[PDB]
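> Chains as they are written, first to last, in PDB author numbering: chain U, 320 to 367; chain Z, 5 to 290; chain c, 22 to 310; chain u, 118 to 289. Heads up, the beta-carbon is just placed ideally off N, CA and C, and yes, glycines get one too. Take this structure first; my questions come after.
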Amino acid sequence: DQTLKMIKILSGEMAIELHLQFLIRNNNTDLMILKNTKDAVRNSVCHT
Amino acid sequence: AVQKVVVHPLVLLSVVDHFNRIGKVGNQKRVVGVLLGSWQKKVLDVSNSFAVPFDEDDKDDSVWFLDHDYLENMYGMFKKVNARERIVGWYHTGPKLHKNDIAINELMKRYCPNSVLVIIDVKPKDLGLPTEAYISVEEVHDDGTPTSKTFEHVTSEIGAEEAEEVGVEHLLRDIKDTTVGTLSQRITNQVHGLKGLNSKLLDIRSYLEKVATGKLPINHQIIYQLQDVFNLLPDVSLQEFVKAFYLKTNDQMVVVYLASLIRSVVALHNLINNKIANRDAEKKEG
Amino acid sequence: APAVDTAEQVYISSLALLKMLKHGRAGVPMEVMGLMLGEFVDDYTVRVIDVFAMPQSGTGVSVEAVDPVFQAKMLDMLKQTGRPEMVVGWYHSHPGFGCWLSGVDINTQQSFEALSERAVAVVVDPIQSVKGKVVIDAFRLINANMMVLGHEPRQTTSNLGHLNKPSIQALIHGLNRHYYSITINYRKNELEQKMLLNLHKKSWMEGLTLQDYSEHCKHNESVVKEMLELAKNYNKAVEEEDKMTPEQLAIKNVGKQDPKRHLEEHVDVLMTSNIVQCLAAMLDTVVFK
Amino acid sequence: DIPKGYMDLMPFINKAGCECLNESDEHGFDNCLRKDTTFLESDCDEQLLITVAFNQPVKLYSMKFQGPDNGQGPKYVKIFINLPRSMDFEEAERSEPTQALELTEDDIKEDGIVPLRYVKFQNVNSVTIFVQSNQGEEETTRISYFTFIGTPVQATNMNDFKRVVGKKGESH
Ligand SMILES: [Zn+2]
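Written out as structure tokens, the structure reads:
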């Protein structure tokens, strides 16, 4: 019962899920910053 | 006679390679090779070397094999690459000579009459001079003693021609000491000298003990030479020298004193100049 | 598509460098060449242990200069002594020209590469490498069919700009256009440095020799005279203490002159020479009777 | 059996180089190199020294030093690598081996493979196995099957060389 909940949350199932639910729900990455870098790449090893 | 056998850096760096080539798999004693080099007035120049298949047995100390054709053919190639080198002797990294050295030296006498064997103590890294050069002489021992083969000793010194010198200097480039010396390194040069003089004197003591305890033969010669060194001592207690030593020690202290004062006035002047510097900037901040 | 990561290194043993430099200076007016013996330990490292000179011939540094009879026999004889290494590349000097490969050299390199895709080619200018600097760049032909892809085809790595930057005196003779340099790193190890340290090592006797007092007194007298004149300026330089922007005075009179540089600089020399000499004097008085 | 990506070095064994010591005339060296019941026995003693040579530098992963289950199979195997000269029995015991191996009874079986330290064998040109005893302490030991598993190291065969591009008689 509850211990099964305790095991479920000590192993880290919940933290990642909530931590996953956070980042997915609160995500905001300015893709514009990458674009000016992708177009500014001179095709050098900076593609990596 | 050969006044010196100047061993170039490249040879002792190929021998080291030669020792590693074999000892890594075929664990064995001394590795024997041939020593090429150009002659001089009397100082034999060792400029290169190569290995010769050499196998020996601890039994009978004369079941060996120093290949002839390999020695002949190798040199056949090298005189093609460089023609200023002639076979001049052999090298073995076994620190202590063997009973097989005389017989094998007679062989290398077949390629160079004035053959000099240079023992490179590849394994040790110690006080210094990892080369010991030997010749072959058969004399009546003037002073009424049996004749025999024996290896006479020839002074060895390690030098470098221009090309190898440039490579060596860069090759270290991480442990080389400053050439200027400085007070730190000069003093270490003396703790090093004291350690040697003791070390050389201790080898002398052990041998003198050996002759004293009989375990070794009284040379009757070179034995009294050590007696020569024992008379060449200074006897400083002499008054006329004792006065003359204080004068030069006093002659120098007045220069270290003048040197000391200059370094002090400069020191104070630098603090006064600095005390003004931070103070003036201190007021100027406001 | 395999690629020579810039991290790839051509390890040069302490033996090879002395022997390669020795050969170069041996025929310095002309150009010398020889095969290098080593192992391709893996993709990112080409290790060269020994080098053996291929005899100078009128052809020069070209494929023809590689005498197959000389090389086949020499290899055969080095295998008995305990060096069963494989021909890992070739080297040739360049009497002062630089560290670059000419057209004819390129054709050679393409030949060596025919037998193994990693046969590195080096240079070794015995005239420029005259001091602590050793001008020896390694090179591997960048096959011309890889113009579609990236030249110097490296991948994840970061030691490309390290240990060197593209030398100008070579970039003009075809680099990153037909030949690329490979980082050269020397595999000096203990038991080899120690034996080379003996080149200029002094001895036990040195350090106890007391110099000679006749030229020591002259030297002490000489330097004290020279420092004296330098004090005269020190008095004039300080006693002037002119305050017309003294910070600017200390920068408009900088010519390696009186104030300090020709000052205690001599004090260190004068005081080091005496202290060492004196300490040697007293040590000898104790050790030798 | 064999591991992934590695091949037996039977094709790479230089018949010219290989030589056994103490091999009996009736059962010679060639017998133990065939995957048959034919085997090799040591005539003068249990000690045997079977050396092989490879055409080009090979690498070593796993040798199969199989032996008869009568007890005359190998027990202690000393391996040397790239020996400049042939080995001597007296000097072979003295010298330190590249990998001192204590065969166990499980190894001698027909299916047994003995793993070697892959790191130590990277440029082997000639390997010498030294059988220092057989399981049953019998007068003569036996090697039912013996071959090496690894990969071939690409060697630059300078004998071929041959110009591939360019014109002859061209100088610097
Ligand atoms: Zn060239």
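What is the rounded straight-line gap between the Cα of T258/u and the Cα of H144/u?
Using only the alpha carbons, I get a separation of about 11 angstroms.
> Below 8 angstroms on the Cβ atoms is my contact criterion, and I expect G81/c with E52/c to pass it. Report the Cβ-Cβ distance as a whole number of Å.
About 6 angstroms; that satisfies the 8 angstroms criterion.
> Any heavy atom of ligand 1 inside 7 angstroms of the beta-carbon of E134/c?
No, Cβ of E134/c sits at least 7 angstroms from all heavy atoms of ligand 1.
> Looking at ligand 1, does it come within less than 7 angstroms of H157/Z, judged from the CB to the closest heavy atom?
No, the beta carbon of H157/Z sits no closer than 7 angstroms to any heavy atom of ligand 1.
> Kindly say whether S212/u, judged by its beta-carbon, lies nearer than 8 angstroms to any beta-carbon of chain c.
Closer than 8 angstroms: no.
> Is the CB of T177/c under 8 angstroms away from at least one CB in chain U?
Closer than 8 angstroms to some Cβ of chain U, the Cβ of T177/c qualifies, so yes.
> Looking only at C-alpha atoms, which of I246/u, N251/u, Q271/u, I119/u sits nearest to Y178/u?
That would be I119/u, whose Cα lies nearest to the Cα of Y178/u.
> Taking any Cβ of chain Z, which residues in the stretch 119–150 of chain c have a Cβ under 7 angstroms from it, in chain order?
If the cut-off is 7 angstroms between Cβ atoms, the stretch 119–150 of chain c has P147, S150 near chain Z.
> Please list the partners that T186/Z has in chain c, where partner means a Cβ-to-Cβ separation under 9 angstroms.
Per Cβ cutoff of 9 angstroms: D289, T293.
> Taking all protein chains shown into account, do 16 or more other C-beta atoms lie within 10 angstroms of the C-beta of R88/Z, making it buried, or fewer, making it exposed?
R88/Z should be labelled exposed.
> Could you tell me if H338/U is buried or exposed, where buried requires 16 or more neighbouring beta carbons within 10 angstroms of its beta carbon?
Classification for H338/U: exposed.
> Considering only the beta carbon of each residue, do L170/c and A22/c sit closer than 8 angstroms?
Against a cut-off of 8 angstroms, the Cβ pair of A22/c and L170/c comes out as a contact.
> Could you list the residues in the stretch 68–87 of chain c with a C-beta less than 7 angstroms from some C-beta on chain u, going in chain order?
Of all residues in the stretch 68–87 of chain c, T80, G81, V82, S83, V84, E85, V87 have a Cβ within less than 7 angstroms of some Cβ in chain u.
> 8 angstroms is my cut-off, CB to CB: does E166/Z come that close to chain c?
With 8 angstroms as the cut-off, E166/Z counts as an interface residue toward chain c.
> Over what stretch of residues does the beta strand (DSSP E) that includes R68/c continue unbroken?
Start and end: 66–75.
> Taking 7 angstroms as the line, does the beta carbon of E52/c fall inside it for any heavy atom of ligand 1?
Correct: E52/c has its Cβ closer than 7 angstroms to ligand 1.
> Is it the case that the Cβ atoms of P269/u and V175/u are separated by a distance below 8 angstroms?
Yes. Within cutoff.
> Could you tell me which residues DSSP pairs with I33/c in its beta bridges?
DSSP lists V69/c, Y207/c as partners of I33/c.
> Would you tell me roughly how many angstroms separate the C-alpha atoms of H183/c and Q30/c, rounded to the nearest one?
Straight-line Cα distance between these residues: approximately 12 angstroms.
> Can you give the Cα-Cα distance for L176/Z and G228/c, rounded to whole angstroms?
Approximately 23 angstroms, taken between the alpha carbons.
> If you draw a straight line from the alpha carbon of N193/Z to that of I198/u, how long is it in whole angstroms?
Distance between the alpha carbons of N193/Z and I198/u is about 45 angstroms.
> Does the beta carbon of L196/c fall short of 7 angstroms from some heavy atom of ligand 1?
Not under cutoff, so the answer is no.
> For chain c, find out if any of its Cβ atoms is closer than 8 angstroms to the Cβ of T367/U; answer yes or no.
For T367/U, the answer is yes, since a Cβ of chain c falls inside 8 angstroms of its Cβ.
> Nearest to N139/u by alpha carbon, out of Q216/u, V281/u, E255/u, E163/u?
Residue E163/u is the option with its Cα nearest to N139/u.
> Tell me whether the stretch 298–305 of chain c and the stretch 272–289 of chain Z touch, counting them as touching only if at least three CB pairs, one residue from each stretch, are closer than 8 angstroms.
No, because fewer than three Cβ pairs between the stretch 298–305 of chain c and the stretch 272–289 of chain Z fall closer than 8 angstroms, the two stretches do not touch.
> Does the distance from the C-beta atom of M107/c to that of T273/u stay below 8 angstroms?
Their beta carbons are under 8 angstroms apart, which means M107/c touches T273/u by this criterion.
> Considering only the alpha carbon of each residue, which of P99/Z, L14/Z, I108/Z lies closest to residue 4/Z?
Residue 4/Z is absent from the structure shown; chain Z starts at 5 and stops at 290.
> Just tell me which of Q239/u, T154/u, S288/u, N276/u has its CA closest to the CA of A93/c.
Comparing Cα-Cα distances from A93/c to each of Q239/u, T154/u, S288/u, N276/u, the minimum goes to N276/u.
> Residues of chain u with CB under 7 angstroms from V29/Z, in chain order?
Per Cβ cutoff of 7 angstroms: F197, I198, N199, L200.
> Kindly indicate which three-state DSSP category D125/Z falls into: helix, strand or coil?
DSSP places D125/Z in coil when its eight states are reduced to three.
> Could one say the Cβ of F160/c lies closer than 8 angstroms to chain Z's Cβ atoms, at least one of them?
Cβ-Cβ to chain Z under 8 angstroms: no for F160/c.
> Quick one: what's got a C-beta closer than 8 angstroms to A37/c's C-beta in the same chain, skipping five residues either side?
Excluding positions up to five away in sequence, the list reads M57, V69, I70, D71, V72.
> Inspect the beta-carbon positions of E213/u and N31/Z and report whether they are closer than 8 angstroms.
Yes. Within cutoff.
> Listed in chain order, which residues of the stretch 49–82 of chain Z have Cβ atoms closer than 7 angstroms to some Cβ of chain u?
Residues passing the 7 angstroms Cβ filter: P57, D59.
> Since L122/c contacts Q130/c with CB under 8 angstroms, what's their CB separation in whole angstroms?
Yes, they are in contact, since the Cβ atoms of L122/c and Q130/c sit about 6 angstroms apart, within 8 angstroms.
> Exposed or buried, which one is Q252/u when buried takes at least 16 other CB atoms within 10 Å?
With 16 or more Cβ atoms within 10 Å of its Cβ, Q252/u is classed as buried.
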